[PDB]
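Okay, structure first, notes after.
Residue numbering restarts at 1 for every chain, and letters A, B, ... go by the order of the sequence lines. Values below: every heavy atom of this structure, side chains too, minus hydrogens, waters and symmetry copies.
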Amino acid sequence: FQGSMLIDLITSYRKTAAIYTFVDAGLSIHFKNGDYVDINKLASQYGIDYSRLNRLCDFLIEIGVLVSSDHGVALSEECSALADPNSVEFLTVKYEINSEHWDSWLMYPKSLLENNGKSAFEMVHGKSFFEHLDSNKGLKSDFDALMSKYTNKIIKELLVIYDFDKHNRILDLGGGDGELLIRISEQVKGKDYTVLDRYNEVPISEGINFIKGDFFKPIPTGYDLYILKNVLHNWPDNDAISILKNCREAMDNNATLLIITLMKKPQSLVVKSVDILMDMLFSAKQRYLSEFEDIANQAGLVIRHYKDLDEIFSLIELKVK
Amino acid sequence: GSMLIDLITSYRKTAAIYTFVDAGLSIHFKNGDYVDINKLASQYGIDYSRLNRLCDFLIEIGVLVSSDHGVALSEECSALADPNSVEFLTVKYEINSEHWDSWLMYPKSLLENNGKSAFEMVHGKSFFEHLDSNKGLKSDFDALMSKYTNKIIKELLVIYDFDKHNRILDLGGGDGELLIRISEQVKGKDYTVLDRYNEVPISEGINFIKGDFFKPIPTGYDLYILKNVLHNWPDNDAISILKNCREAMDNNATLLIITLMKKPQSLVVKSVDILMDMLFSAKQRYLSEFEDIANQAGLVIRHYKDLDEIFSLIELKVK
Ligand SMILES: Nc1ncnc2c1ncn2[C@@H]1O[C@H](CSCC[C@H](N)C(=O)O)[C@@H](O)[C@H]1O
Ligand SMILES: Nc1ncnc2c1ncn2[C@@H]1O[C@H](CSCC[C@H](N)C(=O)O)[C@@H](O)[C@H]1O
Ligand SMILES: O=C1c2cccc(O)c2C(=O)c2c(O)cc(O)cc21
Ligand SMILES: O=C1c2cccc(O)c2C(=O)c2c(O)cc(O)cc21
Ligand SMILES: [Cl-]
Ligand SMILES: [Cl-]
Ligand SMILES: [Cl-]
Ligand SMILES: [Cl-]
Ligand SMILES: [Cl-]
Ligand SMILES: [Cl-]
Ligand SMILES: [Cl-]
Ligand code: NA
């Protein structure tokens, strides 16, 4: 950062902005397999001025997103994933960089000073985050698409550290697309997989039953395994404990509730960033093991075992003692 | 990979530093002082939980330093303590709907190729129309511009002799900081600032004129100055300004252009180049591009000098 870094931190949102335009405009797609593209032909396809697009490239080359040739311009080694529409980088841009996040960020300091029931997001949109998602078809599919990435990364080691082979019926609460169950079903075949979530239009996948309901109401029983993945961190204590009450109220002993979340550690850039995001969007938070035990104890739950899948991701086995 | 996702999410770093400054917490961190988060929260009526979480994030990104005392600004981020710092003024000026909403529109402005800038597509009125309407933004704009002028003065006076001039006009001079600073070191001259005012500014030994440089420019000045004006305008409009400059000038009169020159040894120019496209449908220019618009406006580039790494001086005559 060359001696003085504070200014580079402040202006570096411009780097995000430039990458976002490159993606949003729909130009990132033409840079597949490290191909060198002629900007004029590219500019001529989408009806953009050559000069403006050539200049945007010059900035993307400087920051190291693009690379320069005698004929054309290509994506760099480290930024190849911008060409792939099913990469964590492309989907992060698609979901995160928009009015829903950026205008809520500009409201965040006002929400800190105005201590009330309203989150920074609700102060802007006048609705809940998920209420707004269900009204906007495009963002929900972008939300689910990016969430699908974070399930696929734990799926490999989740099946290793836990025995789903020993569970007759399995219910995923706030599962969206059953990406957790879909990927589990592929490995652990011949079991009852159920997904409960708010669907305006219901999704379907072979061997997955998509229940349509609200987890603030009593949750259907008959399931040996209940699972909450990245759900509790969307809610404060009053709302989160109320969800666990409905899990505890639905679990006959001999049954387990699975909770997978970004467990806050003393020193994690990823979790801390997401934690401020939760506060901004839902007036919620990421939690420590002791915070989970406390909210678990409130409804009336105990942890048989806790262990980490990744550095950031951790698993908590919960039962109605 | 690690690099690409860090570039994408690093807006959160900007966003966090903005919340810190905007909320008014920044002022209590002067002279490397360590603040008790609890009393800081209690003072501002902020929930301790929410603040200490925000603070933790600033400690991870490196803005703050944790201790037994409490928390302080890091040596490299000290400038958030100073409310007339280039860093602090950049936050106040640049991190707001005006810029961020215009950035979100920027891809639309590319595809929907028309005269309307990303900013015009959001606000329905030009950047300067919007700035003249809002006293808060203009004061912030002028405050941050004043900082960028103050850096130039020292070596601007060394390479160009204002002492040999007596009637000097600053075109789009705003608050007239350029003439205010030069007037202090160079006395007994007629210093005039031409801009769009509502209540014309006041300063000793500085004349402030209400004017439009798209209309014929006042004659009888021997030095005209355009500093960070032409990068707000596309070629046709930039030519109209330089054309009004030529027609105002005679021989034995000189025009000074102080812009961020599009020279690869400049770090910040290409980022500001995209900022100008987004805000004005304008750009920073290569020397060859200035040569182009100067010739069309009937001007000649006499000399070209490097003020410093980013800033450049162009001397123009009529011919
Ligand atoms: N009242 C409610 N009842 C049930 N599900 C709800 C709900 N409010 C929000 N949700 C759902 O809670 C989910 C939180 S995001 C987590 C998605 C999924 N568990 C995963 O890990 O990939 C969203 O899919 C949202 O639709
Ligand atoms: N038509 C017009 N006539 C005169 N001044 C104009 C103008 N349109 C814009 N301006 C002014 O041109 C200036 C451009 S910004 C440059 C400010 C100053 N020269 C500096 O270096 O900091 C603004 O102050 C703006 O108000
Ligand atoms: O940004 C993230 C994120 C980033 C990296 C890794 C991640 O796991 C996440 C994640 O899980 C997550 C989330 O669950 C809900 C959000 O609103 C945002 C994020
Ligand atoms: O952002 C900048 C800027 C940044 C760094 C260094 C700079 O010099 C500038 C600058 O001059 C400038 C400007 O003249 C007009 C603007 O709207 C924005 C900027
Ligand atoms: Cl959660
Ligand atoms: Cl989210
Ligand atoms: Cl402040
Ligand atoms: Cl206190
Ligand atoms: Cl006006
Ligand atoms: Cl300029
Ligand atoms: Cl030339
Ligand atoms: Na105006």
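Between chain B and the options A/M5, A/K110, A/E89, A/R55, heavy-atom pairs under 4.5 Å are most frequent for A/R55. Heavy-atom pairs under 4.5 Å with chain A were tallied for B/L80, B/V63, B/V86; the largest tally goes to B/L80. Counting heavy-atom pairs under 4.5 Å between each of A/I48, A/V23, A/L106 and chain B puts A/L106 at the top. Of the listed residues (B/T9, B/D47, B/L51, B/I61), the one with the most heavy-atom contacts under 4.5 Å to chain A is B/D47. No other option in B/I5, B/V91, B/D277 has as many heavy-atom pairs under 4.5 Å with chain A as B/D277.
For a residue to count as touching a neighbouring chain, one of its non-hydrogen atoms must lie under 4.5 Å from one of that chain's; by this rule B/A282 touches chain A with the backbone only. Within the 4.5 angstrom heavy-atom criterion, no atom of A/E77 approaches chain B. Residue B/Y18 touches chain A through its side chain alone, counting heavy-atom pairs closer than 4.5 Å. There is no contact between B/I59 and chain A, counting heavy-atom distances below 4.5 Å. For a residue to count as touching a neighbouring chain, one of its non-hydrogen atoms must lie under 4.5 Å from one of that chain's; by this rule A/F22 does not touch chain B. A/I97 touches chain B through backbone and side chain together, each having a heavy atom under 4.5 Å away. There is no contact between B/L25 and chain A, counting heavy-atom distances below 4.5 Å. Contact of B/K262 with chain A is made through the side chain alone, with heavy-atom distances under 4.5 Å.
Listed here is the closest heavy atom pair of A/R14 and B/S271: NE-OG, 3.5 Å. Considering all non-hydrogen atoms of both residues, A/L9 and B/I17 come closest at CB-CD1, 3.8 Å. Residues B/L4 and A/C79 approach most closely at CD2-CA, 3.6 Å, considering heavy atoms. The minimum heavy-atom distance between A/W105 and B/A16, with the atom names listed, is CZ3-N, 4.4 Å.
Ion pairing between a basic and an acidic side chain is recognised when a charged N comes within 4.0 Å of a carboxylate O; B/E60 and A/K272 show no such pairing.
Note on ring orientation: taking the six-membered ring where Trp is involved, the planes of A/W102 and B/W100 are tilted (angle from 30° to 60°).
Side-chain N/O atoms of A/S111 and B/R50 include a donor and acceptor closer than 3.5 Å.
Formation of a donor-acceptor pair under 3.5 Å by the B/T19 side chain with backbone atoms of A/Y108 is not found in this model. A donor-acceptor contact shorter than 3.5 Å is absent between the side chain of B/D22 and the backbone of A/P109.
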